[PDB]
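# Residue-level structure breakdown
Below are the chains, spelled out letter by letter.
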Amino acid sequence: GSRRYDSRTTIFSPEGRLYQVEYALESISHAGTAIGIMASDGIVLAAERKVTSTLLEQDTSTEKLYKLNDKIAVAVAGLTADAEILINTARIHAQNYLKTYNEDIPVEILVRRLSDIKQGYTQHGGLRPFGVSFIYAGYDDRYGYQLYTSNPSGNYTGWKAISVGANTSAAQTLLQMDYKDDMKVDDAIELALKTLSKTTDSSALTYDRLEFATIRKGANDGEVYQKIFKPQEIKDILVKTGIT
Amino acid sequence: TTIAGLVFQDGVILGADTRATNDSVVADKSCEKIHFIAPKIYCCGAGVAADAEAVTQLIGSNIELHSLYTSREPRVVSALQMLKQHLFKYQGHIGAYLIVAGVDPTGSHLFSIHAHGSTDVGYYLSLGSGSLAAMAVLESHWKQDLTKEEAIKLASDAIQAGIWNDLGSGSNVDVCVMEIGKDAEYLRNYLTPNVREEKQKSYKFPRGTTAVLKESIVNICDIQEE
Amino acid sequence: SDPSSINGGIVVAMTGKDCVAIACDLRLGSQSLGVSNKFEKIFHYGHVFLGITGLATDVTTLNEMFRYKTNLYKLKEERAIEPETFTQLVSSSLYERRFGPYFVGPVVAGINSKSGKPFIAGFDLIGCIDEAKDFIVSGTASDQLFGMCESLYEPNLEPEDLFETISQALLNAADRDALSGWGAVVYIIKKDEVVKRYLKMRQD
Amino acid sequence: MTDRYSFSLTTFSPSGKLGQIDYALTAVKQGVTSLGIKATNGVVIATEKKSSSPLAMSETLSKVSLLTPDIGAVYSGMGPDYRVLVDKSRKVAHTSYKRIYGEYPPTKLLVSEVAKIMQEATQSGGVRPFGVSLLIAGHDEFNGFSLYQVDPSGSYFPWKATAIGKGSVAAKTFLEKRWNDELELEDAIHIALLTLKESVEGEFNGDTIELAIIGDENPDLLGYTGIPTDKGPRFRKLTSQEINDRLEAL
Amino acid sequence: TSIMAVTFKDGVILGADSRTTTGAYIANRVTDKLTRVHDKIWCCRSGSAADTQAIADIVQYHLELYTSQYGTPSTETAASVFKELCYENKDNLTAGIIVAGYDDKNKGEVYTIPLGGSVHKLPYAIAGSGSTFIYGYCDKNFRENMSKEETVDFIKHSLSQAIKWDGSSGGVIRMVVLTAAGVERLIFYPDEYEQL
Amino acid sequence: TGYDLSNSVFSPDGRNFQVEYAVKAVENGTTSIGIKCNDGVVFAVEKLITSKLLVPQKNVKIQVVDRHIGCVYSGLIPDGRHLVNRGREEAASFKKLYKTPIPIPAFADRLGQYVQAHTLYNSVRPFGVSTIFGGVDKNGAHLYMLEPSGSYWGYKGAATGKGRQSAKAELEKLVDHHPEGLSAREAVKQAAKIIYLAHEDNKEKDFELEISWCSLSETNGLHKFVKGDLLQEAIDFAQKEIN
Amino acid sequence: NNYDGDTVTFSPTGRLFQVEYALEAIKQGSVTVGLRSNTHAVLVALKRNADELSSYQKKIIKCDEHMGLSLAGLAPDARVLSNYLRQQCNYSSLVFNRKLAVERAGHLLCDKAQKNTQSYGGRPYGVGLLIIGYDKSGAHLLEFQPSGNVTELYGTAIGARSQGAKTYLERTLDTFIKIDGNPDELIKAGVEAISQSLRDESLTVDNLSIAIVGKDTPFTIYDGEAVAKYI
Amino acid sequence: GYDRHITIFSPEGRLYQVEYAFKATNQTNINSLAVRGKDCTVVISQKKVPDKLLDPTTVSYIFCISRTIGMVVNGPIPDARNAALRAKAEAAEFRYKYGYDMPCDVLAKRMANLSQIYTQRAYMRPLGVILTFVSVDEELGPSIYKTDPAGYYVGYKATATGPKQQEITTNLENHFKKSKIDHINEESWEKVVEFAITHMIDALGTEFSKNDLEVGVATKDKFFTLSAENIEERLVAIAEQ
Ligand SMILES: *C[C@@](C)(O)[C@](*)(O)[C@H](CCC1CCCCC1)NC(=O)[C@H](Cc1ccc(OC)cc1)NC(=O)[C@H](C)NC(=O)CN1CCOCC1
Ligand SMILES: [Cl-]
Ligand SMILES: [Mg+2]
Ligand SMILES: [Mg+2]
Ligand SMILES: [Mg+2]
Ligand SMILES: [Mg+2]
């Protein structure tokens with residue numbers, strides 16, 4: 001029958017590892033680096049695009065940084081198409097919570113839900129897992145600014161600064177060196193860009209290669225603003241920090 | 001509602017009034033009852049207003065996809081068959097009464113459809129509360145081989161009969177002309193025999209006439225930003 | 001027994017010169033018993049305003065539903081929904097409940113942000129659209145509002161004139177209905193400012 | 001008489017590759033060249049009508065397909081896979097958008113729905129990925145003109161200009177030299193015809209080339225009159241004669 | 001409605017009036033109640049117009065699919081498909097159908113299917129609201145193996161009386177002749193049949 | 001290689017090896033035949049007497065479908081029974097809807113499509129039988145033979161099983177020597193002879209002859225088993241011809 | 001070899017190995033004999049124990065007042081098939097007021113077994129059955145194999161060493177068929193038949209299991225001191 | 001090497017099961033040809049009855065799908081009949097739902113989309129058949145549309161299918177290069193059948209008797225197959241000039 005052709009995507013190896021999760025993580029290690037840094041007065045999300053072509057329409061393009069609601073954003077590392085399936089689910093979960101409780105979804109609850117979906121693909125159904133790692137940047141009135149990551153295993157953890165995708169070992173060493181707890185958003189912007197500038201496989205870090213975003217509680221009159229940076233604005237912050 | 005359709009020399013024409021009613025009060029004075037199904041297939045609607053609107057839009061959507069799939073001009077019989085099968089399925093609970101007319105590669109066609117899913121073929125038809133007023137005119141004046149000019153006159157007259165003599169019907173006359181080998185011409189507000197007369201007085205109030213408790217600005221924008 | 005007149009209330013909307021106005025009363029009751037005098041019936045999703053009369057549980061449910069839908073619209077489209085499109089969304093959403101409908105009388109009001117054109121619309125409980133140039137009425141005193149609007153209204157009123165006309169239309173209609181009144185709110189909407197005014201009215 | 005293939009046929013290999021997606025992309029590489037160029041006042045999509053027999057009537061086989069009145073599509077790879085994707089794309093434009101909002105979807109969102117269908121064939125049980133890459137050109141009121149590429153993975157990217165299939169590497173280099181942000185639609189058509197001539201071996205004319213534009217509104221093609229707001233489809237497929245006229249000024 | 005089908009020497013003839021009513025209003029005065037389910041298998045429809053049309057459309061579909069696979073269906077087979085739909089959905093249908101057809105083997109055959117969904121093979125059949133008024137007339141005047149001209153007169157005279165007495169019946173008398181020769185449509189106007 | 005391990009897999013030849021393996025189960029089974037005559041059909045089958053303990057005339061192999069169709073098969077006997085059970089359902093639903101009993105070509109395609117369906121998926125096995133069947137309908141007599149692939153044709157004479165080549169040779173003589181046709185009573189006699197002649201391939205164990213027939217004149221177009229004196233007359237004719 | 005992984009796969013010589021492996025489980029099972037005359041039909045079964053402390057596994061199951069079987073192979077599969085027979089015998093009684101014909105019972109078991117041989121996921125039944133019965137056409141004995149093949153017989157045996165009992169019955173055919181209106185002599189012939197399949201062990205009181213059905217005899221099972229008479 | 005057993009991509013981007021289904025197409029060793037007249041569409045196919053025990057009237061690869069549409073199959077008969085029954089069902093369902101007779105090209109597209117599904121879904125095998133649909137369409141006129149196991153389809157001025165298709169194809173190509181028109185300029189279908197048979201005889205290099213051929217003719221509002229005697233009349237006319 002059909003058994004013959006079943007890869008068996010949801011089994012343990014003799015060592016107690018999930019084959020398909022491990023191989024999905026290997027896929028993600030080749031994807032463009034994404035960095036999240038959390039400060040006292042905001043969060044930075046920086047991410048490196050993978051496909052440098054002069055003919056790519058950058059201003060209308062979005063492969064890395066997605067908006068989940070007004071308070072929560074994600075940086076993606078892995079298969080973009082896989083990430084979009086999950087993003088639209090997370091967008092729906094946030095609106096289901098808002099409809100039910102008349103309050104914006106707490107960041108951890110949204111994260112746990114997505115992480116539980118990913119987990120399910122590793123334990124049942126016989127399907128391949130999602131080849132995606134997220135950095136969640138968000139704000140709520142309980143814990144304030146939060147950074148999380150989830151990976152194909154469905155495991156998630158909280159961070160002060162974190163990287164996913166390519167060269168994370170190198171990137172995490174650099175962040176661990178220069179990060180401090182009393183740091184501010186402007187300093188974190190500079191740290192994120194400097195870390196990408198050193199870890200990048202490219203010859204030089206330019207505006208046409210980056211997606212950049214900030215979540216600040218530095219909007220008018222104590223609200224939270226998500227800023228997805230335009231190409232010209234990424235170019236300006238590259239000159240300001242002194243990279244180009 | 002007064003809707004009608006009749007055939008002429010090398011075409012078919014549809015007519016409709018523009019009144020919608022909720023109990024005994026007028027809900028709309030300028031509503032479009034002649035509906036687009038395909039570029040050369042149109043549908044007059046009567047009965048439950050949402051139903052006649054929704055059923056024509058659904059079949060119009062499916063006719064468009066069918067036309068794309070087959071790479072052909074849609075036929076009136078397709079719209080007819082799809083409408084009647086849908087309406088039959090719902091056993092009259094979708095209370096839509098429709099006059100379907102159009103031009104296609106087979107020729108010109110004119111059908112009526114009732115809410116329970118029965119269909120009729122005819123040279124002149126009328127539906128709605130004003131159908132009897134309209135049919136009286138059509139029975140008195142319809143003949144074979146009408147010119148376009150005579151057909152528009154007769155169609156508009158049949159609708160007018162409904163407008164004046166039926167309380168269900170009123171306001172303006174909408175027409176759609178579908179002629180062979182030509183673009184269909186849709187003529188909204190073809191007649192306007194019921195413009196409201198100028199008022200005796202202006203009821204514009206002196207400013208400050210209304211007593212106010214509070215004022216505030218509403219924030220409609222996204223993020224007031226730093 | 002009749003779901004559309006258990007709780008009571010009214011909404012009216014009008015167009016003016018480069019502006020629209022939408023207004024509502026503040027009553028919520030259980031038939032004869034007045035319960036709340038703060039039950040607003042006008043909501044907004046960006047710059048599109050929605051008034052809803054009828055059964056109060058459905059008013060609240062539909063507000064929450066259209067907030068949900070317009071939030072997802074905005075995330076995907078990367079722009080606020082416009083009044084014309086929102087009207088179609090309301091109609092669709094009501095008609096999908098054709099045989100178990102929400103017992104409501106919605107009213108859309110707003111200015112298209114690109115064309116600058118004033119826009120109002122009204123619906124029956126199953127989504128039939130009435131797209132009026134002049135005015136839209138809804139609620140338990142809809143007959144009364146029709147009478148006021150049809151005599152008081154003239155086209156191309158300036159914002160501060162249009163305020164007076166819509167306010168007098170609402171107030172005098174509400175005073176002839178047992179199940180409407182208990183306060184009233186009027187929104188004056190221009191292309192990039194919206195003023196909200198609470199009206200002084202008789203509290204019986 | 002059972003569907004027992006409830007498991008993924010596309011899985012991660014030890015190197016992190018999704019084999020079936022890579023092999024689908026290889027099938028796209030073997031396919032005939034197609035391209036897309038975006039101008040200021042329009043977009044052009046083009047491809048070669050590779051006729052399998054001279055007895056075959058190549059007019060009946062439409063490689064360039066209308067999806068909505070303002071959106072068109074072209075492909076490289078497996079033609080049958082493309083045909084069913086066009087059927088689903090046209091339908092999803094109605095069910096998930098037009099029947100809700102009363103208007104056609106913007107280019108990016110229709111693309112997103114096509115992308116979603118292709119991603120599901122990359123993860124669902126008992127199916128292989130689609131063996132095509134699509135180029136989708138379109139216009140909508142708030143985004144203006146746009147050109148998107150969609151791959152077997154489900155991934156999509158917006159382009160100023162690009163090419164896919166057989167001679168895409170050479171074609172993309174050719175487009176990089178010629179493309180600027182001040183191109184008129186006629187200039188983009190001229191560049192499309194120049195680019196496509198390099199990848200074509202045999203005859204090069206209106207009968208062996210398929211070319212469509214997303215441009216101005218065509219009220220003449222609408223079929224009816226009497227609604228000022230409905231101004232006509234921006235999608236237009238160029239005729240065999242219209243192509244040959246521009247080949248004289250080439 | 002006044003409908004009938006009559007077998008004769010050369011085959012079978014179906015006959016009907018042309019009146020459709022919504023209460024006392026004549027919604028259609030030129031209705032065609034003689035409807036084709038196959039080349040030489042026709043039916044006369046009475047009851048709910050929606051129901052009989054819906055049934056007739058389904059039968060035409062079934063016989064078209066029968067023909068693709070097994071060749072020309074018998075009149076008995078057509079009557080059986082009508083019966084199956086009518087009987088199994090008797091709680092939701094108001095349909096009274098007369099099925100008439102011509103084979104070369106069986107010649108002219110007539111099957112009547114009343115409200116219950118029973119089948120009855122008969123030499124001739126009458127149905128519809130106006131049939132009540134002509135049972136006496138048709139029984140006295142019907143003979144087997146009539147000529148074509150005699151059978152046309154028998155139907156014309158019969159439906160003339162049905163029309164005269166039944167308000168629900170009226171308009172033109174349509175007929176459809178089914179023989180080896182082919183399919184012939186006949187029409188007879190008020191000024192002809194009223195003076196009989 | 002590996003193309004023959006799963007049903008519905010095309011080999012590089014364009015062959016379904018599992019279907020060809022089912023044919024081997026058919027070739028392994030006992031001989032069964034069909035003879036089309038003037039106004040009907042005759043079916044006959046070889047039943048191997050494995051032991052004296054088998055009750056004579058009891059283990060009936062030929063099966064009736066509706067009242068007018070006979071079915072006989074060679075190969076896996078249970079697979080044949082499963083196919084006849086389906087054939088009975090198909091004939092019942094046909095008669096239920098269309099009133100008339102199922103025509104033989106119509107019935108043939110019902111079995112054909114069902115057998116063919118068991119070559120479309122790896123979750124099912126092909127049928128391990130070739131089925132000879134037929135009867136009398138409105139258009140006259142029809143004899144068919146249906147293979148594991150779903151392939152079927154109409155026949156003048158048909159044969160399958162271990163003795164098929166021997167039988168086929170004998171049937172081919174009858175077709176040549178009787179172009180005007182064969183009578184029903186003649187076809188019964190000839191069927192007995194052909195089974196007896198085809199028994200040389202299964203000559204170790206003795207056997208039991210079983211014949212059935214549908215004929216417009218001899219059975220009113222109904223399927224009946226040949227019994228008693230008419231069976232013994234056919235056995236005597238067959239015994240005389242071998243000696 | 002490569003073609004024995006599942007029941008859905010033919011071998012290159014047209015064999016179903018999973019069915020043949022199921023057939024093998026029957027040969028490993030304990031011997032049971034079936035035989036009949038015109039008036040009565042008898043089952044004799046050699047029951048098997050696990051050890052001296054254990055009970056002897058029951059071999060005979062009653063299906064109706066006029067029908068029952070003996071088993072050899074997987075006993076849980078005999079339970080499933082006997083339960084199906086009970087239901088089919090019961091359906092015939094309740095709906096038609098009709099005792100199920102033994103021949104028709106065989107046809108039903110054949111078709112139930114067949115479905116398991118043609119579809120993926122399932123397995124063949126791992127048991128052989130000898131069904132006896134008395135119906136409107138007299139005494140009957142059937143042999144069921146889980147391939148689907150059912151056979152009506154005067155006598156037979158299945159299980160380990162069954163060829164010894166089967167040869168005896170083949171010689172005795174003309175004698176035991178004539179044992180009409182004498183149940184004890186017909187059982188004697190069955191007990192003498194099953195004795196030809198014994199080696200080392202002999203028929204003891206809790207070893208032997210006999211069942212009989214006939215003209216004015218319901219299907220009854222004899223075990224324990226009720227079979228001491230025949231030892 | 002399980003990428004050759006089910007319909008998934010090989011490393012080269014190929015579907016081997018689709019390719020092997022194309023090879024099953026020629027298992028019958030039968031050649032078919034289709035041409036268009038002014039008012040008609042003619043399809044001819046070789047008929048081979050090897051066994052004397054066969055009833056030759058039942059041996060056919062031409063199917064009447066609907067009244068207007070005919071279909072000739074190149075491939076094994078079980079798959080041919082599978083495809084035939086489905087096309088008949090689809091054609092009838094179309095007429096019921098949309099109120100007009102299913103066009104030849106639309107049926108072809110539908111069957112091609114069904115074939116495409118078998119190339120994408122693993123549990124369904126491709127059918128090992130090439131389907132040639134013929135009609136006189138009421139909009140497009142004389143029509144030939146052909147479907148294959150890949151799910152590919154296209155319209156044809158004329159076409160040929162089978163082991164010796166290339167010989168037939170080049171013969172037809174050369175005729176249309178001379179005439180410079182998309183059809184056989186001939187009033188009667190009888191003469192278009194005579195053309196079809198003549199150009200098959202020239203292409204294959206074999207003579208035909210009445211029992212060696214099988215003919216299908218599409219006219220306006222019907223498709224029909226010719227009897228052996230109708231073909232004999234055709235063969236006599238060819239020989240007499
Ligand atoms: C008014 C008239 C003359 O009857 C016309 O038939 C008119 C047609 C309007 C329609 C034509 C096609 C384009 C879209 C507009 N119909 C109405 O105005 C309709 C009349 C009506 C009312 C109730 C009814 O119940 C069986 C049948 C017909 N009016 C409405 O549908 C109004 C807008 N809504 C309601 O009355 C409330 N609905 C509550 C749920 O049940 C249905 C009525
Ligand atoms: Cl399809
Ligand atoms: Mg009040
Ligand atoms: Mg009060
Ligand atoms: Mg009268
Ligand atoms: Mg497959």
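Residues numbered from 1 in each chain as written, not as in the entry; some residues may be left out. Chains lettered and ligands numbered in written order. Part of a larger assembly, values for the part shown. Heavy atoms only, no water.

In its metadata, the entry names X-ray crystallography as the structure determination method and reports 2.70 Å as the resolution.

Looking at the PDB entry, one finds chain E named Proteasome subunit beta type-1, with Saccharomyces cerevisiae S288C as its source organism. Of the comments in the UniProt record for chain E, the one headed Catalytic activity reads "Cleavage of peptide bonds with very broad specificity." (UniProt positions renumbered as here; feature names shortened; annotations may be inferred.)

The PDB entry annotates chain C as Proteasome subunit beta type-3 originating from Saccharomyces cerevisiae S288C.

Across its full length, chain E holds five helices and twelve strands. Against the 2.2 N^0.38 benchmark of 16 Å for 196 residues, chain E shows a C-alpha radius of gyration of 16 Å, consistent with a compact globule. Based on the C-alpha atoms only, the size of chain E along its principal axes is roughly 50 × 40 × 25 Å. Sequence-distant contacts in chain E: of pairs separated by 6 or more residues, those separated by 24 or more amount to 61%. In the structure as shown, chain E presents an accessible area of about 8300 Å², 49% of it carried by carbon and sulfur atoms. Across chain E, the mean location of the 19 positive side-chain charges is 3 Å away from that of the 24 negative side-chain charges. (Helix = DSSP H or I, 4+ residues; strand = E, 2+ residues; numbered from the N terminus. Rg over C-alpha atoms; globule rule 2.2 N^0.38 Å. Contact = heavy atoms within 4.5 Å. Areas by Shrake-Rupley, 256 points an atom, 1.4 Å probe, with all protein chains shown as cover. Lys, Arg positive; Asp, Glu negative; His and termini not counted. Charge placed at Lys NZ, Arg CZ, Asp CG, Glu CD.)

Near ligand 1 lie 17 residues; those nearest to it are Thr1(B), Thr21(B), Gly47(B), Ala49(B) and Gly168(B). Surrounding ligand 1 are residues belonging to chains B and C, so the site spans chains. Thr1(B) is positioned such that a nitrogen or oxygen atom in its side chain is 2.3 Å from an oxygen atom of ligand 1. The contact in question runs from a nitrogen atom of ligand 1 to an N or O atom on the backbone of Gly47(B), over 3.0 Å. Isolated, ligand 1 exposes 850 Å² of accessible area, and the fraction of that covered by the protein chains is 73%. (Near = heavy atom within 4 Å. Polar contact = N/O pair within 3.5 Å; in protein donor to acceptor, adjacent residues only side chain to side chain.)

Let's shift gears to the coordination of the magnesium ion (ligand 5). Of the protein atoms, only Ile163(E) (O) and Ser169(E) (O) coordinate the magnesium ion (ligand 5), at distances of 2.7 to 2.8 Å. Taking relative accessible area as the criterion, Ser169(E) reaches 1% and is therefore assigned buried. (Donors = N, O, S within 2.8 Å, 3.2 Å for Na, K, Ca; no water. Buried < 20%, exposed > 50% of the residue type's maximum accessible area, 1.4 Å probe, protein only.)

Let us now look at the nonpolar core. Counting residues in hydrophobic clusters, the biggest one holds 78 residues, and the most contacted among them are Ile33(F), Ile35(F), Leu171(F), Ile211(F), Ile65(H) and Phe133(H). With residues up to four places along the chain from it excluded, the contact list for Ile35(F) reads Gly40(F), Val41(F), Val42(F), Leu143(F), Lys156(F), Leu171(F), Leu182(F), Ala187(F), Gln190(F), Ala191(F) and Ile194(F). (Core = buried A, V, L, I, M, F, W, Y, C linked by side-chain atoms within 4.5 Å.)

Residue and element names in this part refer to chain B. Mapped onto the fold, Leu-98 is located in strand β7 (residues 96-104). Distance in space between the C-alpha atoms of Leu-98 and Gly-128 is 9.0 Å, their sequence separation being 30 residues. Residues in contact with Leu-98, not counting those within four places in the same chain, are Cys-43, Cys-44, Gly-45, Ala-52, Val-55, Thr-56, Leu-83, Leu-87, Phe-111, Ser-112, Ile-113 and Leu-127.

Before going further, it helps to spend a moment on the pattern of salt bridges. If you walk through the whole model with that rule in mind, you get 82 salt bridges over all chains. With its nearest N and O atoms 3.2 Å apart, the salt bridge here joins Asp13(F) to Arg15(F). The partly exposed category is assigned to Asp13(F), whose relative accessible area is 43%. One salt bridge in this structure joins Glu93(H) and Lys97(H), with 3.6 Å as the shortest N-O distance. Linking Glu93(H) with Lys97(H), this pair stays in helix α2 (residues 77-98), spanning four residues, or about one helical turn. A relative accessible area of 34% means that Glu93(H) is categorised as partly exposed. By relative accessible area, which is 34% here, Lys97(H) ends up partly exposed. One salt-bridge network, in which partners are shared between bridges, spans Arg72(B), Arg75(B), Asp105(H), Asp137(H), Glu138(H) and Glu139(H). (Salt bridge = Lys/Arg side-chain N within 4 Å of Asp/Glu carboxyl O.)

With that settled, the discussion passes to the interface of chain C and chain A. Counting residues at the interface gives eight residues for chain C and ten residues for chain A. For the pair chain C and chain A, the two sides together bury roughly 940 Å², of which 53% comes from carbon and sulfur. Contact with chain A buries surface across chain C, with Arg67(C), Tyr68(C) and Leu75(C) losing the most and accounting together for 57% of the total. Across the chain C-chain A interface, the total number found is one salt bridge. Between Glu64(C) and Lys99(A) there is a salt bridge, with its nearest N and O atoms 3.7 Å apart. Counting across the chain C and chain A interface gives three residue pairs in polar contact. Among the residues forming the side of chain C that touches chain A, the class breakdown is three nonpolar, two polar and three charged. (Buried area = accessible area lost by both parts, 1.4 Å probe. Nonpolar A, V, L, I, M, F, W, Y, C, P; charged D, E, K, R; others polar.)

Right, let's talk about the pairing of strand β6 (residues 41-47) of chain E for a bit. Residues and elements named next belong to chain E. The buried fraction of β6 amounts to six of the seven residues, a majority that puts the element mostly inside the structure. Pairing of strand β5 (residues 34-38) with β6, which is carried by four bridges, proceeds in the antiparallel orientation. Bridge pairing links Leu-34 to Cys-44 in β6. Taking the residues that link successive antiparallel strands as the turn, the β5-β6 hairpin has two residues. Pairing analysis gives seven bridges linking β6 to strand β7 (residues 95-102), with the strands arranged antiparallel. (Pairing = 2+ DSSP bridges.)

Okay, the coordination of the magnesium ion (ligand 3) next. Taken together, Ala174(C) (O) and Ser180(C) (O) make up the full set of protein donors to the magnesium ion (ligand 3), lying 2.4 to 2.7 Å away. You'll find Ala174(C) and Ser180(C) in the same group, each marked buried.

Scanning all chains against the criterion turns up two cavities of 30 Å³ or more. Within this model, the largest cavity holds a volume of roughly 90 Å³. Looking at the largest cavity, it is lined by 16 residues, and the ones nearest its centre are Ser8(F), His5(H), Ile6(H), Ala122(H) and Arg125(H). Class assignment for the residues of the lining of the largest cavity results in eight nonpolar, seven polar and one charged. (1 Å grid on protein atoms, 1.4 Å probe; cavity = no way out; pocket = protein on both sides within 12 Å on 5 of 7 lines; lining within 4 Å. Points joined across faces, edges and corners; volume = space filled by probe spheres on them.)

All names here are of chain D. With respect to burial, strand β10 (residues 209-214) is a largely interior element, six of its six residues being buried. Bridge count for strand β2 (residues 43-48) against β10 is six bridges, and the pairing is antiparallel. Residue pairing across strands places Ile-45 opposite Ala-212, the latter belonging to β10. Where β10 and strand β12 (residues 235-237) come together, three bridges link them in antiparallel fashion. Across the sheet, residue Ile-213 finds its bridge partner in β12, namely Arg-236.

Attention now moves to the sheet that holds strand β6 (residues 41-47) of chain B. Residue and element names in this part refer to chain B. Taken together, the five strands give an open sheet; going across it, the order is β5-β6-β7-β8-β9, and neighbouring strands pair in antiparallel fashion. Where the open sheet ends on each side, the last strands, each with one partner, are β5 (34-38) and β9 (119-121). Averaged over all pairs of adjacent strands, the angle between their axes in this sheet comes to 25 degrees, without regard to strand direction. Bridging between strand β8 (residues 107-113) and β9 involves three bridges; their strand directions are antiparallel. Paired with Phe-111 across the bridge in β9 is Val-121. Each of β5, β6, β7, β8 and β9 is contacted by helix α2 (residues 76-89), which is oriented at about 160 degrees to β7, the strand it contacts most. (Axes fitted to C-alpha atoms, helices over the stretch in contact; angles between N-to-C directions.)

Residue and element names in this part refer to chain F. The strand order across the open sheet built from five strands is β8-β1-β2-β9-β10, with neighbouring strands paired in antiparallel fashion. Lying at the two open borders of the sheet, with one neighbouring strand each, are β8 (157-160) and β10 (223-225). Direction aside, the axes of adjacent strands within the sheet are offset by 15 degrees on average. Bridge analysis of strand β1 (residues 32-37) against strand β2 (residues 40-48) gives six bridges, and the strand direction is antiparallel. Bridge assignment links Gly-34 to a residue of β2, and that residue is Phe-43. Helix α4 (residues 164-177) contacts β1 and β8 of the sheet and is inclined by roughly 170 degrees relative to β8.

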